[PDB]
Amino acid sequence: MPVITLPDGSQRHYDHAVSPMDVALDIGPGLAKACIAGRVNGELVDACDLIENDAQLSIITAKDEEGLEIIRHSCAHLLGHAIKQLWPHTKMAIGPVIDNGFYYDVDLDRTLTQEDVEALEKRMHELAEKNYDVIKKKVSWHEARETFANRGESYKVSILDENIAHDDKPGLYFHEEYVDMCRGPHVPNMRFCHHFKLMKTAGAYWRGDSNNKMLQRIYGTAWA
């Protein structure tokens, strides 16, 4: 029966687990509509993550620097969703939110030209405008490995083999037919990711090792 304490000290008593989105809705329609994620006992969580016990909660919106960072991170997922449609055999490596933007390192035999990047951004806009829900699922290490192995995503598989413990539960984020892996949080719906643009591309060695393949780093930025 969690007691949720908000930043101003107000408390909400519940007799069942509730997510940040559930609480936002209880507070009001405006806050629920603005809700991107939550901070529970100091840690960022997705808006759909259940809060089982008494906790301090803060609702994250686009007015928070954290909300902007989450929007940027989900735009990296959007880039993957789009690039996988334009060039299906593209392999996804790492795509983080960085200062002032985001990027995604990709393995594609085709060297992307300015026109290709423009085509990629165009598809991203079309997909984001569909306002689809981002579906999160926490799975076992092996379940995540099989998901990516079946998609031929060798870099994601390498990440599981070398950088994620067998006892950790990878977070999978589904964007329609596209799936990515992350600690998140990510936006609850792509309606929060309509304002972005792709910039330039650069070369980036996988794992920073010049003996490994030089991937194409696609930079972008987003705002809200």
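Counting begins at 1, following the sequence as shown.
Undergrad: So which stretch wins on mean C-alpha B-factor, 211-219 or 19-27?
TA: Mean CA B-factor is higher for 211-219.
Undergrad: As stated in the PDB record, which stretch has the larger average Cα B-factor, 74-82 or 117-125?
TA: Averaging CA B-factors over each stretch, the winner is 117-125.
Undergrad: Among the chain's modelled residues, which third holds the C-alpha B-factor of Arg191?
TA: Middle third, going by the recorded CA B-factors of the chain.
Undergrad: Please place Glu143 in the lowest, middle or highest third of its chain by C-alpha B factor as given in the entry.
TA: Middle third by C-alpha B-factor.
Undergrad: When the modelled residues of the chain are sorted by Cα temperature factor, does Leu198 land in the lowest, middle or highest third?
TA: Middle third.
Undergrad: If you rank every modelled residue in this chain by C-alpha B factor, which third holds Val3: lowest, middle or highest?
TA: Lowest third, going by the recorded CA B-factors of the chain.
Undergrad: Lowest, middle or highest third of the chain for the C-alpha temperature factor of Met181?
TA: According to the entry, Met181 has a C-alpha B-factor in the chain's lowest third.
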